[PDB]
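File shown: upload-v7.cif. Contents: mmCIF, C-alpha atoms.
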```cif
data_model
loop_
_atom_site.group_PDB
_atom_site.id
_atom_site.type_symbol
_atom_site.label_atom_id
_atom_site.label_comp_id
_atom_site.auth_asym_id
_atom_site.auth_seq_id
_atom_site.Cartn_x
_atom_site.Cartn_y
_atom_site.Cartn_z
ATOM 1 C CA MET A 1 -3.416 11.738 6.288
ATOM 2 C CA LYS A 2 -2.419 8.111 6.854
ATOM 3 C CA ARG A 3 -3.691 6.739 3.543
ATOM 4 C CA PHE A 4 -2.849 6.864 -0.165
ATOM 5 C CA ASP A 5 -5.448 6.905 -2.943
ATOM 6 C CA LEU A 6 -3.663 4.886 -5.628
ATOM 7 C CA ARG A 7 -6.995 4.498 -7.420
ATOM 8 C CA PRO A 8 -6.394 7.462 -9.766
ATOM 9 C CA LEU A 9 -2.748 6.382 -9.916
ATOM 10 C CA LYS A 10 -3.697 3.642 -12.379
ATOM 11 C CA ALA A 11 -1.580 0.483 -12.344
ATOM 12 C CA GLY A 12 2.184 0.167 -12.674
ATOM 13 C CA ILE A 13 3.111 3.447 -11.004
ATOM 14 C CA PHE A 14 0.783 3.135 -8.013
ATOM 15 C CA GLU A 15 3.239 0.591 -6.611
ATOM 16 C CA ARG A 16 6.074 3.084 -7.070
ATOM 17 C CA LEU A 17 4.278 6.004 -5.421
ATOM 18 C CA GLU A 18 3.410 3.970 -2.326
ATOM 19 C CA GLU A 19 7.084 4.339 -1.414
ATOM 20 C CA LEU A 20 6.970 8.128 -1.733
ATOM 21 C CA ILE A 21 4.318 8.242 0.989
ATOM 22 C CA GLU A 22 5.908 5.538 3.140
ATOM 23 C CA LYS A 23 8.612 8.095 3.927
ATOM 24 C CA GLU A 24 6.051 10.422 5.506
ATOM 25 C CA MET A 25 4.310 7.639 7.428
ATOM 26 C CA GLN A 26 5.730 6.870 10.872
ATOM 27 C CA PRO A 27 8.075 3.892 11.399
ATOM 28 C CA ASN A 28 5.226 2.197 13.263
ATOM 29 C CA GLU A 29 2.075 3.676 11.730
ATOM 30 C CA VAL A 30 -0.642 2.244 9.485
ATOM 31 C CA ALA A 31 -1.001 3.134 5.806
ATOM 32 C CA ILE A 32 -4.252 2.609 3.904
ATOM 33 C CA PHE A 33 -3.488 2.181 0.203
ATOM 34 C CA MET A 34 -6.475 2.034 -2.147
ATOM 35 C CA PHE A 35 -6.088 -0.103 -5.270
ATOM 36 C CA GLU A 36 -8.612 -0.370 -8.103
ATOM 37 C CA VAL A 37 -6.527 -2.753 -10.212
ATOM 38 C CA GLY A 38 -6.940 -6.484 -9.687
ATOM 39 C CA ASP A 39 -3.186 -6.606 -9.134
ATOM 40 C CA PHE A 40 -3.204 -7.492 -5.434
ATOM 41 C CA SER A 41 0.303 -8.961 -5.537
ATOM 42 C CA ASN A 42 1.611 -5.475 -6.319
ATOM 43 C CA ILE A 43 0.102 -4.030 -3.142
ATOM 44 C CA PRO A 44 2.734 -5.675 -0.904
ATOM 45 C CA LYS A 45 5.384 -5.070 -3.565
ATOM 46 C CA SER A 46 5.163 -1.318 -2.979
ATOM 47 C CA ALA A 47 5.615 -1.493 0.794
ATOM 48 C CA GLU A 48 8.552 -3.806 0.092
ATOM 49 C CA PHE A 49 10.346 -1.104 -1.896
ATOM 50 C CA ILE A 50 11.105 0.444 1.494
ATOM 51 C CA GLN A 51 12.690 -2.523 3.266
ATOM 52 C CA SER A 52 12.523 -6.294 2.800
ATOM 53 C CA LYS A 53 11.915 -6.462 6.551
ATOM 54 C CA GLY A 54 9.313 -4.240 8.187
ATOM 55 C CA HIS A 55 6.404 -3.876 5.776
ATOM 56 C CA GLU A 56 3.620 -6.272 6.765
ATOM 57 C CA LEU A 57 0.063 -6.239 5.416
ATOM 58 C CA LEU A 58 -2.142 -6.900 8.444
ATOM 59 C CA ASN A 59 -5.400 -7.404 6.545
ATOM 60 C CA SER A 60 -7.960 -5.265 4.718
ATOM 61 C CA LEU A 61 -7.445 -5.725 0.978
ATOM 62 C CA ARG A 62 -10.283 -7.647 -0.673
ATOM 63 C CA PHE A 63 -9.006 -7.963 -4.242
ATOM 64 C CA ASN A 64 -12.088 -9.234 -6.075
ATOM 65 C CA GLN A 65 -14.493 -6.308 -6.436
ATOM 66 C CA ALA A 66 -14.366 -2.522 -6.773
ATOM 67 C CA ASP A 67 -11.295 -0.626 -5.576
ATOM 68 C CA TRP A 68 -10.460 -1.788 -2.052
ATOM 69 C CA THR A 69 -8.112 -0.645 0.714
ATOM 70 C CA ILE A 70 -5.136 -2.278 2.426
ATOM 71 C CA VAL A 71 -3.503 -1.445 5.759
ATOM 72 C CA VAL A 72 0.295 -1.422 5.945
ATOM 73 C CA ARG A 73 2.260 -1.346 9.199
ATOM 74 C CA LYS A 74 5.743 0.185 9.132
ATOM 75 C CA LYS A 75 8.671 -1.102 11.191
ATOM 76 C CA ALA A 76 11.766 -1.322 8.991
#
```
How does the structure come out when it is put into structure tokens?
Amino acid sequence: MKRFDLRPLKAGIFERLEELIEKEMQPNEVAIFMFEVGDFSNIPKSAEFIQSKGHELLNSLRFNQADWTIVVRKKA
């Protein structure tokens, strides 16, 4: 339970829900957010809603093909 399927969450709100789950995720845990929309710039925007400093996308998102996944590490 350390991931969020934003696929069915269409685009626009998927970046707003990512914050709702970030609260459950540990302050130093990984979060796999799946995005089907080409909007890759929004991926990091969601994790930012929590705190300007702390959310850092290690690497996993491959915006270019079918819905991909991105790992997010919490910290602040």
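With distances taken over all atoms listed in the file, A:43 is the one residue among A:24, A:43, A:52, A:38 lying closest to residue A:72.
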Given the file shown, enumerate the residues that the PyMOL selection byres ((chain A and resi 54) around 10) captures and present them as a ChimeraX atom specification. /A:27-28,47-48,50-53,55-57,72-76
Go through A:20, A:34, A:40, A:62 and flag the residue nearest residue A:7, using all atoms listed in the file for the distances.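 Nearest to residue A:7: A:34.
Between atom CA of residue A:1 and atom CA of residue A:65 the separation is 24.7 Å.
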Around (-4.9, 1.3, -11.5) in the file's own coordinates, what residues are found within 10 Å if you use all atoms listed in the file, given back as a count of residues only? 17
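If you apply the PyMOL selection byres ((chain A and resi 59) around 7) to this structure, you end up with residues 57, 58, 60, 61, 70 and 71 of chain A.
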With distances taken over only C-alpha atoms, which of A:17, A:30, A:69, A:49 is nearest to residue A:2? A:30
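Going from atom CA of residue A:21 over to atom CA of residue A:5, you cover 10.6 Å.
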Stretch 33-46 of chain A, all listed atoms, 6 Å padding on each side: what axis-aligned box centre and edge lengths in Å to one decimal come out, as lines of an AutoDock Vina configuration file?
```
center_x = -1.6
center_y = -3.4
center_z = -5.0
size_x = 26.0
size_y = 23.1
size_z = 22.4
```
Could you tell me how far atom CA of residue A:23 lies from atom CA of residue A:66, in Å and to one decimal?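 These two atoms are separated by 27.5 Å.
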Looking at A:33, A:63, A:45, A:16, which one is nearest to residue A:3, with distances taken over all atoms listed in the file? A:33
